[PDB]
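**Q** This structure is in structure tokens; I'll ask about it shortly.
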Amino acid sequence: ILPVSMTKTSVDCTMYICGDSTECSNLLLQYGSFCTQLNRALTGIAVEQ
Amino acid sequence: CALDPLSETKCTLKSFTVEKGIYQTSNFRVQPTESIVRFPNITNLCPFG
Ligand SMILES: *[C@@H]1O[C@H](CO)[C@@H](O)[C@H](O)[C@H]1NC(C)=O
């Protein structure tokens, strides 16, 4: 038996870290490109699987 | 980055030519149509009389 694929999860900060919070949303965009990176990391995993 | 679904791709990839494929441009969420504040029916009114 050999694992081949994995669950193709995909996070979204602007809803995970905080949903329906615009003040958190612009506070997030103050942090910068963490979350465009994380969606990039996880879509890289998802394409990989 | 707001008129065409294609334009959002051009804008997320930061390129004016978008290669063939599928691109996760942005995210959407159906917004709360209204607010439903609900509490138990009054059960212990005070006798001001
Ligand atoms: C006093 O009686 C009147 C009669 O019309 C009533 O409208 C009123 O609500 C009563 N007030 C209290 C505090 O019980």
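These residue numbers are counts, starting from 1, taken along the chain as shown.
Positions of Cβ are set from backbone N, Cα and C atoms, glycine also.
Among the features that Swiss-Prot reports, disulfide bond is placed at A:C13-A:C35, A:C18-A:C24, with the record citing experimental evidence.
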**Q** How big is the Cα-to-Cα gap, in Å, between A:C13 (disulfide bond) and A:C24 (disulfide bond)?
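**A** Computed Cα spacing between A:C13 (disulfide bond) and A:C24 (disulfide bond) is 10 Å.
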**Q** Hey, how far is A:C18 (disulfide bond) from A:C35 (disulfide bond), Cα to Cα, in Å?
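**A** Checking the Cα atoms of A:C18 (disulfide bond) and A:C35 (disulfide bond) gives a distance of 13 Å.
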**Q** Tally every other Cβ atom lying within 10 Å of the Cβ atom of A:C35 (disulfide bond).
**A** 17
**Q** Where does A:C18 (disulfide bond) sit in DSSP terms: helix, strand, or coil?
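**A** Going by the DSSP assignment, A:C18 (disulfide bond) belongs to neither helix nor strand, so it counts as coil.
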**Q** Cα-Cα separation of A:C35 (disulfide bond) and A:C24 (disulfide bond), in Å?
**A** 13
**Q** How many neighbouring Cβ atoms, not counting its own, are there within 10 Å of the Cβ of A:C24 (disulfide bond)?
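**A** Its Cβ shell of radius 10 Å holds 14 other Cβ atoms.
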